[PDB]
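Peer 1: File name upload-v4.tsv; file contents TSV, N, CA and C atoms; full text below.
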chain	number	residue	atom	x	y	z
A	1	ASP	N	-10.76	21.54	-30.65
A	1	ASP	CA	-10.78	21.52	-29.16
A	1	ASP	C	-11.10	20.12	-28.64
A	2	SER	N	-10.10	19.49	-28.02
A	2	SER	CA	-10.25	18.16	-27.43
A	2	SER	C	-9.93	18.17	-25.93
A	3	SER	N	-10.05	19.34	-25.32
A	3	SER	CA	-9.75	19.50	-23.90
A	3	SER	C	-10.63	18.63	-23.00
A	4	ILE	N	-10.08	18.33	-21.82
A	4	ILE	CA	-10.75	17.52	-20.82
A	4	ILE	C	-10.74	18.32	-19.52
A	5	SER	N	-11.87	18.31	-18.81
A	5	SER	CA	-11.97	18.91	-17.48
A	5	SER	C	-11.93	17.83	-16.41
A	6	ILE	N	-11.22	18.09	-15.33
A	6	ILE	CA	-11.12	17.16	-14.21
A	6	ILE	C	-11.44	17.91	-12.93
A	7	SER	N	-12.42	17.41	-12.18
A	7	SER	CA	-12.80	17.95	-10.88
A	7	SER	C	-12.83	16.83	-9.85
A	8	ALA	N	-12.60	17.19	-8.59
A	8	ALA	CA	-12.88	16.32	-7.46
A	8	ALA	C	-14.19	16.78	-6.84
A	9	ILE	N	-15.11	15.85	-6.65
A	9	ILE	CA	-16.48	16.17	-6.25
A	9	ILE	C	-16.96	15.27	-5.12
A	10	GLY	N	-18.02	15.69	-4.45
A	10	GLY	CA	-18.71	14.83	-3.49
A	10	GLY	C	-18.49	15.22	-2.05
A	11	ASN	N	-18.24	14.22	-1.22
A	11	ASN	CA	-17.99	14.47	0.19
A	11	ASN	C	-16.77	13.68	0.66
A	12	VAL	N	-16.29	13.95	1.87
A	12	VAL	CA	-15.00	13.37	2.30
A	12	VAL	C	-15.04	11.84	2.32
A	13	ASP	N	-16.17	11.30	2.77
A	13	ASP	CA	-16.41	9.86	2.83
A	13	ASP	C	-16.52	9.24	1.43
A	14	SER	N	-17.17	9.96	0.52
A	14	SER	CA	-17.41	9.48	-0.84
A	14	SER	C	-16.99	10.53	-1.87
A	15	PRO	N	-15.67	10.70	-2.06
A	15	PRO	CA	-15.16	11.63	-3.05
A	15	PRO	C	-15.04	10.93	-4.40
A	16	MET	N	-15.21	11.69	-5.47
A	16	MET	CA	-15.11	11.15	-6.82
A	16	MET	C	-14.36	12.10	-7.70
A	17	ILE	N	-13.85	11.57	-8.81
A	17	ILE	CA	-13.33	12.40	-9.89
A	17	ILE	C	-14.40	12.51	-10.97
A	18	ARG	N	-14.65	13.72	-11.44
A	18	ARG	CA	-15.49	13.93	-12.60
A	18	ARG	C	-14.61	14.33	-13.77
A	19	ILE	N	-14.62	13.51	-14.82
A	19	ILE	CA	-13.89	13.79	-16.05
A	19	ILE	C	-14.91	14.15	-17.11
A	20	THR	N	-14.79	15.34	-17.70
A	20	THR	CA	-15.72	15.76	-18.73
A	20	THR	C	-15.00	15.93	-20.06
A	21	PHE	N	-15.53	15.27	-21.08
A	21	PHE	CA	-15.01	15.32	-22.44
A	21	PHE	C	-15.80	16.31	-23.28
A	22	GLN	N	-15.27	16.67	-24.45
A	22	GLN	CA	-15.93	17.62	-25.35
A	22	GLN	C	-17.20	17.04	-25.97
A	23	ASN	N	-17.21	15.73	-26.16
A	23	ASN	CA	-18.33	15.04	-26.80
A	23	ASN	C	-18.29	13.55	-26.47
A	24	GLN	N	-19.34	12.83	-26.85
A	24	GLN	CA	-19.45	11.41	-26.49
A	24	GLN	C	-18.44	10.53	-27.21
A	25	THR	N	-18.04	10.94	-28.42
A	25	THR	CA	-17.08	10.16	-29.19
A	25	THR	C	-15.70	10.20	-28.55
A	26	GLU	N	-15.29	11.37	-28.08
A	26	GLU	CA	-14.02	11.48	-27.35
A	26	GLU	C	-14.06	10.70	-26.05
A	27	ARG	N	-15.20	10.71	-25.36
A	27	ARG	CA	-15.36	9.89	-24.16
A	27	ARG	C	-15.21	8.40	-24.48
A	28	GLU	N	-15.89	7.94	-25.53
A	28	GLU	CA	-15.84	6.54	-25.95
A	28	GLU	C	-14.41	6.13	-26.34
A	29	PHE	N	-13.70	7.03	-27.01
A	29	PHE	CA	-12.31	6.82	-27.43
A	29	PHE	C	-11.43	6.53	-26.21
A	30	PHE	N	-11.62	7.33	-25.16
A	30	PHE	CA	-10.90	7.13	-23.90
A	30	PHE	C	-11.27	5.81	-23.24
A	31	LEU	N	-12.57	5.54	-23.14
A	31	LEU	CA	-13.06	4.34	-22.47
A	31	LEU	C	-12.58	3.07	-23.14
A	32	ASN	N	-12.60	3.06	-24.47
A	32	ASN	CA	-12.13	1.90	-25.22
A	32	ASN	C	-10.67	1.59	-24.89
A	33	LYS	N	-9.85	2.63	-24.82
A	33	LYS	CA	-8.44	2.49	-24.48
A	33	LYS	C	-8.22	1.87	-23.11
A	34	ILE	N	-8.91	2.42	-22.10
A	34	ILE	CA	-8.67	1.98	-20.73
A	34	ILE	C	-9.26	0.60	-20.44
A	35	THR	N	-10.39	0.26	-21.05
A	35	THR	CA	-10.97	-1.07	-20.85
A	35	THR	C	-10.07	-2.13	-21.48
A	36	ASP	N	-9.56	-1.84	-22.67
A	36	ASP	CA	-8.62	-2.70	-23.37
A	36	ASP	C	-7.34	-2.92	-22.53
A	37	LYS	N	-6.81	-1.84	-21.96
A	37	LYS	CA	-5.61	-1.93	-21.12
A	37	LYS	C	-5.84	-2.69	-19.82
A	38	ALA	N	-6.94	-2.39	-19.13
A	38	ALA	CA	-7.26	-3.05	-17.87
A	38	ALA	C	-7.38	-4.57	-18.01
A	39	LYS	N	-8.03	-5.01	-19.07
A	39	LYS	CA	-8.20	-6.44	-19.34
A	39	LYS	C	-6.87	-7.16	-19.51
A	40	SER	N	-5.93	-6.53	-20.21
A	40	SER	CA	-4.60	-7.11	-20.43
A	40	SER	C	-3.79	-7.23	-19.14
A	41	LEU	N	-4.03	-6.30	-18.21
A	41	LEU	CA	-3.32	-6.29	-16.93
A	41	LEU	C	-4.04	-7.10	-15.85
A	42	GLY	N	-5.24	-7.57	-16.17
A	42	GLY	CA	-6.06	-8.32	-15.21
A	42	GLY	C	-6.65	-7.45	-14.12
A	43	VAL	N	-6.77	-6.15	-14.38
A	43	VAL	CA	-7.43	-5.23	-13.46
A	43	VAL	C	-8.92	-5.23	-13.79
A	44	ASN	N	-9.74	-5.63	-12.81
A	44	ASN	CA	-11.17	-5.76	-13.02
A	44	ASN	C	-11.91	-4.42	-12.86
A	45	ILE	N	-12.18	-3.77	-13.99
A	45	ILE	CA	-12.94	-2.52	-13.99
A	45	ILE	C	-14.33	-2.69	-14.60
A	46	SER	N	-14.85	-3.92	-14.55
A	46	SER	CA	-16.16	-4.22	-15.12
A	46	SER	C	-17.25	-3.24	-14.67
A	47	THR	N	-17.31	-2.95	-13.37
A	47	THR	CA	-18.31	-2.01	-12.85
A	47	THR	C	-17.76	-0.93	-11.91
A	48	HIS	N	-16.46	-0.97	-11.63
A	48	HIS	CA	-15.83	-0.03	-10.70
A	48	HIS	C	-14.36	0.13	-11.11
A	49	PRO	N	-13.78	1.35	-11.00
A	49	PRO	CA	-14.35	2.58	-10.45
A	49	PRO	C	-14.96	3.54	-11.47
A	50	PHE	N	-14.85	3.23	-12.76
A	50	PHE	CA	-15.32	4.15	-13.80
A	50	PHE	C	-16.80	3.95	-14.09
A	51	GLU	N	-17.51	5.05	-14.23
A	51	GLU	CA	-18.94	5.03	-14.54
A	51	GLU	C	-19.27	6.23	-15.40
A	52	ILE	N	-19.98	6.02	-16.51
A	52	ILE	CA	-20.36	7.15	-17.36
A	52	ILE	C	-21.58	7.88	-16.81
A	53	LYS	N	-21.64	9.17	-17.10
A	53	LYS	CA	-22.79	10.00	-16.76
A	53	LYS	C	-23.07	10.94	-17.92
A	54	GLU	N	-24.35	11.22	-18.15
A	54	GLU	CA	-24.79	12.03	-19.28
A	54	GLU	C	-24.92	13.51	-18.91
A	55	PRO	N	-24.38	14.41	-19.75
A	55	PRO	CA	-23.61	14.12	-20.95
A	55	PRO	C	-22.10	14.18	-20.73
A	56	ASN	N	-21.37	13.37	-21.51
A	56	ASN	CA	-19.94	13.55	-21.72
A	56	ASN	C	-19.01	13.27	-20.53
A	57	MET	N	-19.53	12.67	-19.46
A	57	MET	CA	-18.74	12.49	-18.25
A	57	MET	C	-18.36	11.06	-18.00
A	58	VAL	N	-17.20	10.90	-17.37
A	58	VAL	CA	-16.80	9.65	-16.73
A	58	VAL	C	-16.47	9.99	-15.29
A	59	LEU	N	-17.10	9.29	-14.35
A	59	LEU	CA	-16.76	9.42	-12.95
A	59	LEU	C	-15.78	8.34	-12.55
A	60	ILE	N	-14.87	8.70	-11.65
A	60	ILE	CA	-14.10	7.71	-10.90
A	60	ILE	C	-14.69	7.70	-9.51
A	61	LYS	N	-15.36	6.59	-9.20
A	61	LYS	CA	-16.11	6.42	-7.98
A	61	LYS	C	-15.17	6.20	-6.78
A	62	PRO	N	-15.71	6.29	-5.55
A	62	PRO	CA	-14.85	6.18	-4.38
A	62	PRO	C	-14.32	4.78	-4.15
A	63	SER	N	-13.12	4.68	-3.62
A	63	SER	CA	-12.70	3.44	-2.99
A	63	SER	C	-13.50	3.27	-1.69
A	64	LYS	N	-13.66	2.03	-1.25
A	64	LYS	CA	-14.38	1.74	-0.02
A	64	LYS	C	-14.02	0.33	0.42
A	65	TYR	N	-13.24	0.23	1.49
A	65	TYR	CA	-12.88	-1.08	2.02
A	65	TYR	C	-14.06	-1.70	2.77
A	66	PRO	N	-14.36	-3.01	2.54
A	66	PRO	CA	-13.68	-3.96	1.66
A	66	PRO	C	-14.29	-4.08	0.26
A	67	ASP	N	-15.37	-3.34	0.00
A	67	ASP	CA	-16.13	-3.45	-1.25
A	67	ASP	C	-15.27	-3.28	-2.49
A	68	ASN	N	-14.42	-2.25	-2.48
A	68	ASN	CA	-13.65	-1.87	-3.65
A	68	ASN	C	-12.37	-1.14	-3.25
A	69	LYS	N	-11.24	-1.68	-3.68
A	69	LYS	CA	-9.96	-1.05	-3.41
A	69	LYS	C	-9.63	0.05	-4.42
A	70	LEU	N	-10.15	-0.08	-5.63
A	70	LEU	CA	-9.89	0.94	-6.65
A	70	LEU	C	-10.79	2.14	-6.45
A	71	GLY	N	-10.31	3.31	-6.87
A	71	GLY	CA	-11.12	4.50	-6.87
A	71	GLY	C	-10.53	5.66	-6.10
A	72	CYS	N	-11.37	6.67	-5.90
A	72	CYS	CA	-10.95	7.94	-5.35
A	72	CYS	C	-11.07	7.95	-3.83
A	73	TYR	N	-10.11	8.59	-3.17
A	73	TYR	CA	-10.19	8.81	-1.74
A	73	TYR	C	-9.41	10.06	-1.37
A	74	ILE	N	-9.67	10.56	-0.17
A	74	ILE	CA	-8.93	11.69	0.39
A	74	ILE	C	-7.80	11.11	1.24
A	75	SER	N	-6.57	11.48	0.91
A	75	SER	CA	-5.38	10.98	1.61
A	75	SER	C	-5.22	11.62	2.98
A	76	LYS	N	-4.27	11.10	3.76
A	76	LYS	CA	-4.11	11.54	5.15
A	76	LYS	C	-3.64	12.99	5.29
A	77	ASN	N	-3.06	13.53	4.22
A	77	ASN	CA	-2.65	14.94	4.16
A	77	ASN	C	-3.58	15.77	3.27
A	78	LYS	N	-4.80	15.27	3.06
A	78	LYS	CA	-5.85	15.99	2.33
A	78	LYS	C	-5.56	16.21	0.85
A	79	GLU	N	-4.90	15.23	0.23
A	79	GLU	CA	-4.77	15.23	-1.22
A	79	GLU	C	-5.84	14.32	-1.82
A	80	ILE	N	-6.30	14.69	-3.01
A	80	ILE	CA	-7.18	13.83	-3.80
A	80	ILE	C	-6.33	12.71	-4.39
A	81	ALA	N	-6.68	11.48	-4.02
A	81	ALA	CA	-5.94	10.30	-4.47
A	81	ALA	C	-6.83	9.38	-5.28
A	82	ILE	N	-6.21	8.63	-6.19
A	82	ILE	CA	-6.92	7.62	-6.96
A	82	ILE	C	-6.09	6.34	-6.96
A	83	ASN	N	-6.70	5.25	-6.51
A	83	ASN	CA	-6.08	3.93	-6.59
A	83	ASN	C	-6.52	3.24	-7.88
A	84	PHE	N	-5.53	2.85	-8.68
A	84	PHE	CA	-5.76	2.22	-9.98
A	84	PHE	C	-5.39	0.73	-10.01
A	85	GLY	N	-5.08	0.15	-8.86
A	85	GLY	CA	-4.81	-1.29	-8.77
A	85	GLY	C	-3.41	-1.73	-9.17
A	86	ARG	N	-2.94	-1.26	-10.32
A	86	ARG	CA	-1.61	-1.60	-10.83
A	86	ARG	C	-0.92	-0.36	-11.38
A	87	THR	N	0.40	-0.26	-11.18
A	87	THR	CA	1.14	0.93	-11.60
A	87	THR	C	1.06	1.20	-13.10
A	88	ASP	N	1.10	0.14	-13.92
A	88	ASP	CA	0.98	0.31	-15.37
A	88	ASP	C	-0.38	0.85	-15.79
A	89	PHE	N	-1.43	0.46	-15.05
A	89	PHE	CA	-2.77	0.97	-15.33
A	89	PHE	C	-2.89	2.44	-14.94
A	90	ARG	N	-2.41	2.80	-13.75
A	90	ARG	CA	-2.33	4.20	-13.33
A	90	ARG	C	-1.64	5.05	-14.39
A	91	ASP	N	-0.43	4.63	-14.78
A	91	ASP	CA	0.37	5.43	-15.69
A	91	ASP	C	-0.34	5.61	-17.04
A	92	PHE	N	-0.98	4.55	-17.51
A	92	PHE	CA	-1.73	4.57	-18.76
A	92	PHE	C	-2.93	5.52	-18.70
A	93	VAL	N	-3.71	5.45	-17.62
A	93	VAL	CA	-4.88	6.31	-17.49
A	93	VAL	C	-4.47	7.78	-17.45
A	94	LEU	N	-3.47	8.10	-16.62
A	94	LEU	CA	-3.00	9.47	-16.50
A	94	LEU	C	-2.49	10.02	-17.82
A	95	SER	N	-1.70	9.21	-18.52
A	95	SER	CA	-1.14	9.63	-19.81
A	95	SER	C	-2.25	9.94	-20.81
A	96	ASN	N	-3.26	9.09	-20.85
A	96	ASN	CA	-4.36	9.23	-21.80
A	96	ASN	C	-5.42	10.26	-21.42
A	97	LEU	N	-5.24	10.86	-20.24
A	97	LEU	CA	-6.02	12.02	-19.82
A	97	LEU	C	-5.23	13.31	-19.97
A	98	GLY	N	-3.92	13.19	-20.20
A	98	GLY	CA	-3.04	14.35	-20.26
A	98	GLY	C	-2.72	14.92	-18.90
A	99	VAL	N	-2.77	14.07	-17.87
A	99	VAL	CA	-2.40	14.47	-16.52
A	99	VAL	C	-0.93	14.13	-16.29
A	100	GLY	N	-0.07	15.15	-16.35
A	100	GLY	CA	1.36	14.96	-16.14
A	100	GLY	C	1.69	14.65	-14.69
A	101	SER	N	2.75	13.88	-14.48
A	101	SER	CA	3.18	13.48	-13.14
A	101	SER	C	3.52	14.67	-12.25
A	102	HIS	N	3.93	15.78	-12.86
A	102	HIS	CA	4.26	16.99	-12.13
A	102	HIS	C	3.06	17.60	-11.40
A	103	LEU	N	1.85	17.14	-11.73
A	103	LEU	CA	0.65	17.65	-11.05
A	103	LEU	C	0.40	16.99	-9.69
A	104	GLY	N	1.23	16.02	-9.34
A	104	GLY	CA	1.08	15.35	-8.06
A	104	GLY	C	2.23	14.43	-7.72
A	105	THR	N	1.89	13.33	-7.06
A	105	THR	CA	2.87	12.35	-6.63
A	105	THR	C	2.47	11.01	-7.20
A	106	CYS	N	3.47	10.38	-7.81
A	106	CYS	CA	3.30	9.13	-8.52
A	106	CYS	C	4.39	8.16	-8.07
A	107	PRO	N	4.18	7.46	-6.93
A	107	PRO	CA	5.26	6.58	-6.49
A	107	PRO	C	5.61	5.54	-7.56
A	108	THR	N	6.91	5.27	-7.70
A	108	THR	CA	7.38	4.39	-8.76
A	108	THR	C	7.03	2.92	-8.49
A	109	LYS	N	7.29	2.09	-9.50
A	109	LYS	CA	6.83	0.71	-9.60
A	109	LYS	C	6.87	-0.14	-8.32
A	110	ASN	N	8.00	-0.07	-7.61
A	110	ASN	CA	8.21	-0.93	-6.45
A	110	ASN	C	8.09	-0.21	-5.11
A	111	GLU	N	7.61	1.03	-5.15
A	111	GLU	CA	7.37	1.81	-3.95
A	111	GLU	C	5.95	1.60	-3.43
A	112	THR	N	5.76	1.82	-2.13
A	112	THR	CA	4.42	1.88	-1.55
A	112	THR	C	3.65	2.97	-2.29
A	113	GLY	N	2.41	2.68	-2.65
A	113	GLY	CA	1.59	3.62	-3.41
A	113	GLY	C	1.84	3.58	-4.90
A	114	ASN	N	2.52	2.53	-5.37
A	114	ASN	CA	2.82	2.37	-6.79
A	114	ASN	C	1.58	2.32	-7.68
A	115	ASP	N	0.43	2.02	-7.07
A	115	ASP	CA	-0.84	1.91	-7.78
A	115	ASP	C	-1.68	3.19	-7.73
A	116	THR	N	-1.13	4.24	-7.12
A	116	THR	CA	-1.92	5.41	-6.74
A	116	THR	C	-1.33	6.70	-7.27
A	117	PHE	N	-2.21	7.62	-7.65
A	117	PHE	CA	-1.82	8.99	-7.96
A	117	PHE	C	-2.42	9.91	-6.93
A	118	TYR	N	-1.62	10.86	-6.45
A	118	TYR	CA	-2.07	11.88	-5.51
A	118	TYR	C	-1.91	13.23	-6.17
A	119	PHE	N	-3.00	13.99	-6.34
A	119	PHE	CA	-2.87	15.37	-6.81
A	119	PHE	C	-2.30	16.25	-5.71
A	120	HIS	N	-1.41	17.19	-6.04
A	120	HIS	CA	-1.04	18.21	-5.06
A	120	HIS	C	-2.30	18.98	-4.66
A	121	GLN	N	-2.44	19.32	-3.38
A	121	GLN	CA	-3.62	20.05	-2.87
A	121	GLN	C	-3.87	21.35	-3.62
A	122	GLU	N	-2.78	22.06	-3.95
A	122	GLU	CA	-2.86	23.32	-4.67
A	122	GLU	C	-3.33	23.16	-6.11
A	123	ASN	N	-3.32	21.92	-6.62
A	123	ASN	CA	-3.81	21.65	-7.97
A	123	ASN	C	-5.26	21.18	-8.03
A	124	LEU	N	-5.72	20.49	-6.99
A	124	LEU	CA	-7.06	19.93	-6.99
A	124	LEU	C	-7.55	19.74	-5.58
A	125	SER	N	-8.73	20.28	-5.29
A	125	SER	CA	-9.34	20.07	-4.00
A	125	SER	C	-10.80	19.67	-4.14
A	126	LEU	N	-11.32	19.10	-3.07
A	126	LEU	CA	-12.67	18.58	-3.07
A	126	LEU	C	-13.68	19.71	-3.25
A	127	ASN	N	-14.49	19.59	-4.31
A	127	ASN	CA	-15.47	20.60	-4.71
A	127	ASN	C	-14.86	21.94	-5.07
A	128	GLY	N	-13.56	21.91	-5.39
A	128	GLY	CA	-12.86	23.08	-5.89
A	128	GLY	C	-13.01	23.22	-7.40
A	129	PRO	N	-12.36	24.24	-7.98
A	129	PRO	CA	-12.41	24.42	-9.42
A	129	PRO	C	-11.79	23.25	-10.18
A	130	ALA	N	-12.20	23.11	-11.44
A	130	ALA	CA	-11.68	22.06	-12.30
A	130	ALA	C	-10.30	22.40	-12.86
A	131	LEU	N	-9.57	21.36	-13.25
A	131	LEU	CA	-8.38	21.50	-14.08
A	131	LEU	C	-8.73	21.23	-15.53
A	132	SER	N	-8.16	22.03	-16.44
A	132	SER	CA	-8.26	21.75	-17.87
A	132	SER	C	-6.97	21.10	-18.33
A	133	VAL	N	-7.10	19.91	-18.92
A	133	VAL	CA	-5.96	19.19	-19.49
A	133	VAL	C	-6.23	18.86	-20.96
A	134	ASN	N	-5.18	18.47	-21.68
A	134	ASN	CA	-5.25	18.21	-23.13
A	134	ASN	C	-5.78	19.40	-23.92
A	135	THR	N	-5.29	20.59	-23.59
A	135	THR	CA	-5.74	21.83	-24.24
A	135	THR	C	-4.87	22.20	-25.44
Could you spell out this file's structure in structure tokens?
Peer 2:
Amino acid sequence: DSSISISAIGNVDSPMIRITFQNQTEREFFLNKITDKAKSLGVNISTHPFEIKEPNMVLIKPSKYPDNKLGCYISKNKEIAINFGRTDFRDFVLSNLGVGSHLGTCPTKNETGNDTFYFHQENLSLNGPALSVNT
């Protein structure tokens, strides 16, 4: 069992993604991948938006202009959105979480929102039930 749980949590102003792994080693495996990828793309994730929490969790913290462009926010049509800075970084993170593009909207490379994933409302809502991926 290497399943991952994904929830949207918090409040409208400060929404976050909670990613829960089966154990700390699986969490570390994921983190190593994304930190390695971000550095190559020049996306600065040194302290934002990912943050570990005990046990077994990685949070994606809120975006907040001007402090931080990356992170979670509620879109204008009430979808849970995540800004990843660069389209290749978005695609990499989603793939390595087992979040298929069919679960939301993933604007392509040269489109507005190319850096962002939006979950369909029916798939994920704020303080709603979790999704199980990589099952």
Peer 1: Can you pull out the residues contacting residue A:128? Cut-off 7 Å, using only N, CA and C atoms, and skip same-chain residues under 6 positions away; I want them as a list in words.
Peer 2: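 Selected residues are residues 7, 8 and 9 of chain A.
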Peer 1: Please determine, counting all atoms listed in the file, which residue among A:123, A:2, A:134, A:96 has the shortest atom-to-atom distance to residue A:30.
Peer 2: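 Using all atoms listed in the file, the shortest distance to residue A:30 belongs to A:96.
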Peer 1: For a quick check of understanding, using all atoms listed in the file, which of A:121, A:87, A:25, A:70 has the smallest distance to residue A:108?
Peer 2: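 Once distances to residue A:108 are computed over all atoms listed in the file, the minimum belongs to A:87.
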Peer 1: Excluding stretch 45-59 of chain A and any residue of its chain fewer than 2 positions from it, enumerate the residues within 6.5 Å of it, using all atoms listed in the file, and give them as a ChimeraX atom specification.
Peer 2: /A:16-24,27,38,43,61-62,70-71
Peer 1: Between atom C of residue A:119 and atom C of residue A:74, what is the spacing in Å?
Peer 2: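 These two atoms are separated by 10.2 Å.
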Peer 1: Atom C of residue A:129 and atom C of residue A:5 are how many Å apart?
Peer 2: 8.3 Å
Peer 1: From (-5.6, 18.9, -22.3), in the file's coordinates, out to 6.5 Å: which residues are reached, counting only N, CA and C atoms? Answer as a count of residues only.
Peer 2: 9
Peer 1: From chain A, collect each residue whose DSSP state is helix (DSSP H, G or I) and return the set as a ChimeraX atom specification.
Peer 2: /A:24-41,87-97,101-103
Peer 1: Out of A:110, A:44, A:116, A:11, which residue has the shortest atom-to-atom distance to residue A:91 when counting all atoms listed in the file?
Peer 2: A:116
Peer 1: In Å to one decimal, how far is atom CA of residue A:118 from atom C of residue A:79?
Peer 2: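 These two atoms are separated by 5.8 Å.
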Peer 1: Could you pull the residues within 8 Å of residue A:69, counting all atoms listed in the file, minus those fewer than 2 positions along the same chain, as a list in words?
Peer 2: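 Contacts, in chain order: residues 49, 62, 63, 64, 65, 66, 67, 71, 72, 82, 83, 84 and 85 of chain A.
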Peer 1: Tell me which of A:12, A:41, A:131, A:124 sits closest to residue A:80, counting only C-alpha atoms.
Peer 2: A:124
Peer 1: At a cut-off of 10 Å, using only C-alpha atoms, what residues contact residue A:109? Leave out same-chain residues fewer than 4 positions from it and give the result as a PyMOL selection string.
Peer 2: chain A and resi 86-88+113-115
Peer 1: Is there a way to get, as a ChimeraX atom specification, all residues within 8 Å of the point (-5.2, 1.6, -18.0) in file coordinates, counting only C-alpha atoms?
Peer 2: /A:33-38,88-93
Peer 1: Can you list, as a list in words, all residues belonging to stretch 43-130 of chain A that DSSP tags as strand (DSSP E)?
Peer 2: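 Secondary structure check on stretch 43-130 of chain A, strand (DSSP E): residues 50, 51, 52, 53, 57, 58, 59, 60, 71, 72, 73, 74, 80, 81, 82, 83, 104, 105, 116, 117, 118 and 119 of chain A.
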